[PDB]
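Take a look at this single chain, the form deposited in one PDB entry, given in structure tokens.
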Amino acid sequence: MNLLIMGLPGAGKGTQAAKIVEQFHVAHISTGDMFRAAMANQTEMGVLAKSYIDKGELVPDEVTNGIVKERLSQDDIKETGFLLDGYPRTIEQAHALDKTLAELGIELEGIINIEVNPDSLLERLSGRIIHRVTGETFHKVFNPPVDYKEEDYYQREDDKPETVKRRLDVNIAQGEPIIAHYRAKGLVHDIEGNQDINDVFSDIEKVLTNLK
């Protein structure tokens, strides 16, 4: 399956993506994860990305398109399919992506658009805690771990309230035209994101199994 998963910050993309990958073995391509990995290893692009990410701003299109194109061009993608997560994030990236996918013969087959009340997002990101090794995300209220030990968790630097508030403003402005772009193509599946995590997934699982 050639898939995009989309949604505002905190809408549950990563949470759902982890469940999707566990069942379908599509390649999870998360620009967020790619940036944070680079940042942790202090690579050149990581140092660049940090500058934008810590302020809740978009990393420039040029670098972003490049790292996604690089991953999409690998030899596994055509056979296994992929799940693009957090990209495209501007209409410019959408246009760039579409041309690349057509060239590689891996055109999108579906968009999973997770719709969530934006009034819920500040609390979702404020209460987020992340397991170190896996990067599995939890929520101190809505999705807490069974036995919390501090050595296994941390908080994302961009989950500070002021950064979250900036991230929401930036992505609310860019988001609508991208959804419209793919809705026009008949590829969008709107998901009720205002449910329990497992209910959101069961909805997504039904959509994905009904593809092809």
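Numbering starts at 1 and follows the sequence shown. Basically, rigid core = biggest C-alpha set you can superpose within 1.5 Å across the two forms.
What follows is about the form deposited in another entry, which we do not show.
Core-fitted Cα difference of 2 Å or more between the shown form and the other one, single residue among 187, 48, 179, 26: Among the listed residues, the outlier is 48.
Core superposition between the shown form and the other one, C-alpha change of residue 127 at least 2 Å: For residue 127, whose C-alpha is compared between the shown form and the other one after core superposition, the shift is 2 Å or more.
Relative to what is shown, are the Cα atoms of residue 44 and residue 97 closer or farther apart in that other deposited form, where the gap shifts by 3 Å or more? Nearer in that other deposited form, by 3 Å or more.
Check residue 41 against residue 97 at the C-alpha atoms and report closer or farther in that other deposited form, compared with the shown form; the change is 3 Å or more. Those two alpha carbons end up closer in that other deposited form.
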